[PDB]
There are 2 protein chains.
Amino acid sequence: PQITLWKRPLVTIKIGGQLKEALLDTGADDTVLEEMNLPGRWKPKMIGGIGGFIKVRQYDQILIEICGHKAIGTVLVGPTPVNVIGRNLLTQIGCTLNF
Amino acid sequence: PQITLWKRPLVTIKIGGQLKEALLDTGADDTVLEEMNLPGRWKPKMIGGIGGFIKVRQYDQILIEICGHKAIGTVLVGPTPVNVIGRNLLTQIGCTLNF
Ligand SMILES: CC[C@H](C)CN(C[C@@H](O)[C@H](Cc1ccccc1)NC(=O)O[C@H]1CO[C@H]2OCC[C@H]21)S(=O)(=O)c1ccc(CO)cc1
C-alpha cells in the first residue's frame with residue numbers, strides 16, 4: 001500500500017504468535033520492540049537513540065509479519081518508548097520512500 | 001524520486017541559508033536539527049526517544065528546502081546526534097511509504 005504521513009505510520013505486526021502495533025520508522029536502522037516474551041535464543045546488546053543508549057535483548061532470525069508482508073530478521077527487545085520497525089525489516093517487505 | 005532503505009535516507013536540506021544533511025524520518029513526528037543559531041524567538045521543549053529525552057528549542061514557520069521541494073513548519077534545534085526531517089515537513093513534500 002501507499003501510506004501518507006499526516007498520521008503516524010502505525011501498522012499491525014505479528015511476532016511470536018501475537019499481534020501488536022508498530023511504527024514504520026525509516027530513521028531506525030534496527031527494529032526495537034517493547035518488553036515482551038519471545039521464544040528464541042537472545043544475546044545482550046546495546047542500541048543508541050536520540051537520548052542515549054539502552055540495554056536490549058537481540059533475537060536473530062525471527063519471523064515477523066508486517067502489514068501482511070513476511071520478514072525474517074533481527075529484532076531488539078527492550079525499553080523503547082514505542083515499537084519501531086527499522087530498515088533491517090522495511091527493506092525485506094520492499095518498503096521505499098517516494099516523493 | 002524513489003529512495004530505497006538499504007542505507008540511511010540522507011538528503012541535503014537548506015535551512016537558514018545553510019546546507020545540511022538530514023534523514024527523511026517517518027518515525028519522527030517533528031523535525032529535529034543539530035545546534036544552529038537561528039534568528040527569531042523560540043519556545044523550550046523536551047522530546048523523547050530511545051535513551052530518554054533531550055532539550056531543544058522550538059522554532060515555528062521555518063522555511064526548509066528538501067531536494068528542491070520547499071516546505072515551512074516547526075523545526076526543533078538541539079544537541080541531537082542526527083538531523084531528521086519529521087512528518088510535519090515530509091507531508092509538505094508529498095512523501096509516502098510504499099510497499
Ligand atoms: C519514539 C519513536 C522514535 C524513537 C522517534 N525517533 C525517530 C527515530 O527514527 C530515531 C531517529 C534517530 C536516528 C539515529 C540516532 C538517534 C535518533 N531512530 C532510532 O532511534 O533508531 C534506533 C533504533 O535503530 C537504530 O538506528 C538509528 C538509531 C537506532 S527520535 O529520534 O527519538 C525523535 C524525533 C523527533 C521528535 C519530535 O517529534 C521526538 C523523538
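Counting starts at 1 for both ligands and their atoms, in listed order. Chain letters run A, B, ... following the sequence lines, proteins first, then strands; residues in each count from 1. Computation of the quantities below employed the complete heavy-atom set of this structure, encompassing side-chain atoms and omitting hydrogens, waters and symmetry-equivalent molecules.
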Heavy-atom count around A:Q61 CD within 6.0 Å, excluding the residue itself: above 12? no
Decide yes or no for B:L33 and B:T80: does some side-chain heavy atom of the first lie under 4.5 Å from some side-chain heavy atom of the second? no
Indicate whether the side chain of B:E21 and that of B:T12 have a donor and an acceptor atom separated by less than 3.5 Å. yes
Answer with yes or no whether the side chains of A:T74 and A:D60 bring together a donor and an acceptor at under 3.5 Å. yes
Would B:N88 and B:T31 count as a side chain to side chain donor-acceptor pair (under 3.5 Å) here? Give the steps. CA-CA 7 Å; B:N88 70 309; B:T31 298; 3.0 Å; yes
Between the protein and ligand 1, which nitrogen or oxygen pairs come in under 3.5 Å, and how far apart is each?
| residue | atom | partner | partner atom | Å |
| --- | --- | --- | --- | --- |
| ligand 1 | 9 (O) | A:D25 | OD1 | 2.6 |
| ligand 1 | 9 (O) | A:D25 | OD2 | 3.3 |
| ligand 1 | 9 (O) | B:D25 | OD1 | 2.9 |
| ligand 1 | 9 (O) | B:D25 | OD2 | 2.5 |
| ligand 1 | 18 (N) | A:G27 | O | 3.0 |
| ligand 1 | 24 (O) | A:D29 | N | 3.3 |
| ligand 1 | 24 (O) | A:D30 | N | 3.1 |
| ligand 1 | 26 (O) | A:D29 | N | 2.9 |
| ligand 1 | 26 (O) | A:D29 | OD2 | 3.2 |
| ligand 1 | 38 (O) | B:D30 | N | 2.9 |

Say whether B:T26 and A:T26, considering side chains only, have a donor N or O and an acceptor N or O under 3.5 Å apart. yes
